[PDB]
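One chain is shown next in structure tokens, namely the form deposited in one PDB entry.
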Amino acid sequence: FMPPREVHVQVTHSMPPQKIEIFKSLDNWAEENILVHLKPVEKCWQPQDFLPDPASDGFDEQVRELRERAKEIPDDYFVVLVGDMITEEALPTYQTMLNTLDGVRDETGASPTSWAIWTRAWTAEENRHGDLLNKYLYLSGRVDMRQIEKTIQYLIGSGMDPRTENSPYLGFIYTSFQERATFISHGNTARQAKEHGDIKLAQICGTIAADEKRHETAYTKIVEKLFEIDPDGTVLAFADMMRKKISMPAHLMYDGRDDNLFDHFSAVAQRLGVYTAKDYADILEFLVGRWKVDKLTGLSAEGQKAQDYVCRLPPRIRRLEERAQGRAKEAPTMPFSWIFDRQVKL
């Protein structure tokens, strides 16, 4: 019962240690530009806002209506929803991620630096995403919570190496990409629910998506400033991450049965148009235009090579990674322990 492992060599602290000073200098700047993208706790939605209310007389009927609706939502979509929920639930790993980063790490667990305040508060916001989807999937009766909980335990135990090498450059590019990815992901399931006429479930996915849009805005703004101060290193960091390919946070998924669980879950999300290879290319393309990589000047030869590589990649990937004649048609049906080994098309 061995979960999959990272296949790449672990590289640590690739950012020159003096460049830490940059992020220490940017402390006040982060307070003024990044922290403002967090919603104050009093103003935030909570999972309870979107679930049957167990302290109301309407509890039983609300749970019943939730379940009646869940019967008309196909297994395909539950697999995706479950995979999205499990990814959210591995949260501890993601706080650890941010806290591996050299200039921005929380050194005590309650550090008053803007970066540490961001990290803690961002985590606190993400925590509600798992909570809400958890209780929704639980109440639905459509999924195998024991197997899902098992997957979650494996996933936190496996952790993840995003290949950011303790560099806030690589790291903040990585989270920029991921935040947009989950925005699209959750946004698509929201839109699809709004179409089976499940408004309450659309509200669940929509509210989570809107959190992710704020996070994306914040992280792209950090990288924006890194392109301002250090155009060379940031382009070289952007390019590095592209060459490696952005590996997803939950790629070591394992449920004790399926040795390729991430690929299989991803295939369903692909087929349903929740999150696709096309989406991957669209995100890279968006970040190129967002950070105005095309518009950068005064770069090193190595920087120019990196700049050119980044701008070329999305149309290249949009091609190279389009020819899914194999994946779309032939695709077999396979059991997912997350739904009691009921089967869905891959």
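We number the residues from 1 along the sequence you see. Throughout, rigid core stands for the largest set of C-alpha atoms superposing within 1.5 Å between the two forms.
Form deposited in another entry: not shown, discussed below.
When two forms of a protein are overlaid on their rigid core, residues whose CA moves 2 Å or more are considered shifted, and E322 is one of them between this form and the one not shown.
In that other deposited form, the separation between the C-alpha atoms of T182 and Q325 shrinks by 3 Å or more relative to the displayed form.
Distance between the C-alpha atoms of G326 and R316: shorter by at least 3 Å in that other deposited form than in the displayed form.
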